[PDB]
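Take a look at this single chain, the form deposited in one PDB entry, given in structure tokens.
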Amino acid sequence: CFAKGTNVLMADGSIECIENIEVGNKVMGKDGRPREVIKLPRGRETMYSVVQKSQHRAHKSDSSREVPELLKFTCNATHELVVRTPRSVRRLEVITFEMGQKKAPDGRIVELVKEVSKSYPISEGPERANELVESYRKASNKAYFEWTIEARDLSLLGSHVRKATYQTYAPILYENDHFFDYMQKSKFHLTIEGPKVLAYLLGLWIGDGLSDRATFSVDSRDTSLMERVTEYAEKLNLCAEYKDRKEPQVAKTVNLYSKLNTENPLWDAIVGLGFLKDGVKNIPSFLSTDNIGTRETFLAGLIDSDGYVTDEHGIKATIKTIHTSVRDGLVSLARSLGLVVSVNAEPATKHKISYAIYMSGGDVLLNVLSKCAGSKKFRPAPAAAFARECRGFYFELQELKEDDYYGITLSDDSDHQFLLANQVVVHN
């Protein structure tokens, strides 16, 4: 039901092209648990591509710097989109969104959400109206409809319903212990200290450190940070040497020697784990399926050196970077936690393009900021427990036709949905 090349998420965090998946294989379920592939449907059908609706767009040339907003895929016409639409009722001419049906041009009857209206004489008194809205309100335990519509049928939706309809991506709940295992692979388990502490400092590294030694800036900005870098460095048996600034009276130098900066455990980790790529900084892919607390700590560290926290219309954290490797790696990482992300190519020693990355998520973001030590960056942890939920995204569908499609069908015993490599929740 997908085009050749479509990357899907395997039950182990590995990415795999739809066409190379075999019977017996296990893909990733929205719950972080596996889904077994039992058959591999193949055929030819008109295809449709799904692309997230943007605002600030241009990407479609490999001339570089065109943000590759991961959320998109191509599927065949009969492939079922996993969609949601909010419930809605207006007045008390009470208008509501309700599941209904419509005959398609080819004769088929399709079940779909429809804009419905009921109106009676003002003369007849508001009795019937209030029973309508109250009734509508009792009709469900959710503030949205969760359902599916084959790609070819989306055009049947009326405008209001179509625009309000969105697909979703799921946080990656599955967790690996690669950070842990890399730590074991350099002497290990004897005495406290773990991956969150290293992840934090590595976060600081990407944020504003030097790409040639285990050394980064600090100075002040949030000041309280310093006591933590020493305490954390200390936890990793390293040592933090502070020097004479490293930015017009705003940043410093902190060398993390082995209780150096080269033949060191940290820069080993840096270039060893993948944080330094082609002479440029980058946040690794394993991160996205690692331990959640580790992911949050790496992020807390990154927010601490080069992040901007805001409260105005909800918490939001912003990171600017020129490296596309960092950009792409951060969007993946944040999304795996269940945060909402949007990048923005904007203006900018002298250099061309700069990337602004904003993350939101309420309690999900509060869980990250609570791990920060920077004065204007820390925000109290959530009040209560919280579920990392699927986030929605509005999209545009495009008819393409032609082509061969590749599908995998999961067991009937299961909830026939799994995750593409971009975290989008898809059906068979």
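Rigid core (definition): largest C-alpha set, two forms, superposition within 1.5 Å. Sequential numbering from 1, following the sequence displayed.
The segment from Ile292 to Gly293 is modelled without interruption, since every residue of the deposited sequence in that interval carries coordinates. According to the record, the deposited sequence contains no missing residues between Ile192 and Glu193, so the chain is continuous there.
The mean C-alpha temperature factor is higher for 202-210 when 202-210 and 325-333 are set side by side.
Higher mean CA temperature factor, per the PDB entry, when comparing 400-408 with 413-421: 400-408.
Considering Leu266, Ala104, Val161, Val197 together, the PDB entry gives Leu266 the largest C-alpha B factor. The residue among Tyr136, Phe179, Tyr232, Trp147 whose C-alpha atom has the highest B-factor in the PDB entry is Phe179.
When the modelled residues of the chain are ordered by their C-alpha B factor, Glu80 lands in the lowest third. Annotation for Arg87: CA B-factor lies in the lowest third of the chain's modelled residues.
In the deposited entry, the Cα temperature factor of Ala381 places it in the lowest third of its chain's modelled residues. Residue-level temperature factors show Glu389 in the middle third of its chain, judged at the C-alpha atom. Per the PDB record, residue ranking by Cα B-factor puts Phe286 in the middle third of the chain.
What follows is about the form deposited in another entry, which we do not show.
Candidate set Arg221, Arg295, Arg152, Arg327; criterion, C-alpha shift of 2 Å or more between the shown form and the other one after rigid-core fit; matching residue, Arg221. For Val340, the Cα coordinates differ by under 2 angstroms between the shown form and the other one after the core has been superposed. Superposition of the core reveals a Cα shift of less than 2 Å for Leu266 between the shown form and the other one. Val161 is not among the residues whose C-alpha shifts by 2 Å or more between the shown form and the other one once the rigid core is aligned; its shift stays under 2 Å. Shown here is a form in which the CA atoms of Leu337 and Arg221 lie at least 3 Å closer together than they do in that other deposited form.
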